[PDB]
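What follows is one chain in structure tokens, specifically the form deposited without the named molecule.
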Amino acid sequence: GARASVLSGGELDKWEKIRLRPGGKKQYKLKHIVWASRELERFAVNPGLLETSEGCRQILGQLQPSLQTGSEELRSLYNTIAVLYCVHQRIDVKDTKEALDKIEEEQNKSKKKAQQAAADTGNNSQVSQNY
């Protein structure tokens, strides 16, 4: 509308600090911040979510289970949005690889913690014999 893209200069310095490839030297550019935001609108997702780190958390979650269904276009997004969330959490990644994994690995740890409380609910009755 009247203004596109949030991340200001002071913040951009961090966005342009993230690499694109694992063993490459390419970095991120505004072009990507927009190329992604312009996708959310079509992905039934509000572009005002990328403004906050929390907003992205909800986005990646939706595209997560779609990483398989969606086409190559859905893959390029996850790799991008992943770099953003890290920038907002004051987290510095090494590239589009360490970034995506840094988020994918975090979901694996939460999965166990989410299905661990069930134990406290279940009946805990131990028993041991002796001579």
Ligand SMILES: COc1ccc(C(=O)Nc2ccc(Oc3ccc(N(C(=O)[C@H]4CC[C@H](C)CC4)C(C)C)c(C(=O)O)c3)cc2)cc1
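Note that residue numbering begins at 1 and tracks the sequence as displayed.
The next section is about a form of this same protein that is not shown, the form deposited with the named molecule bound.
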Under a 4.5 Å heavy atom criterion, is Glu73 part of the interface with the named molecule in the bound PDB entry? yes
With the partner left out of view, is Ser53 within 4.5 angstroms of the named molecule in the bound PDB entry by any non-hydrogen atom? no
At 4.5 Å between heavy atoms, is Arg57 in contact with the named molecule in the bound PDB entry? no
Does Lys102 make contact with the named molecule in the bound PDB entry, using a 4.5 Å heavy atom cut-off? no
Could you list which residues of 23 to 40 come within 4.5 Å of the named molecule in the bound PDB entry, counting heavy atoms only? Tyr28, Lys31, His32, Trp35
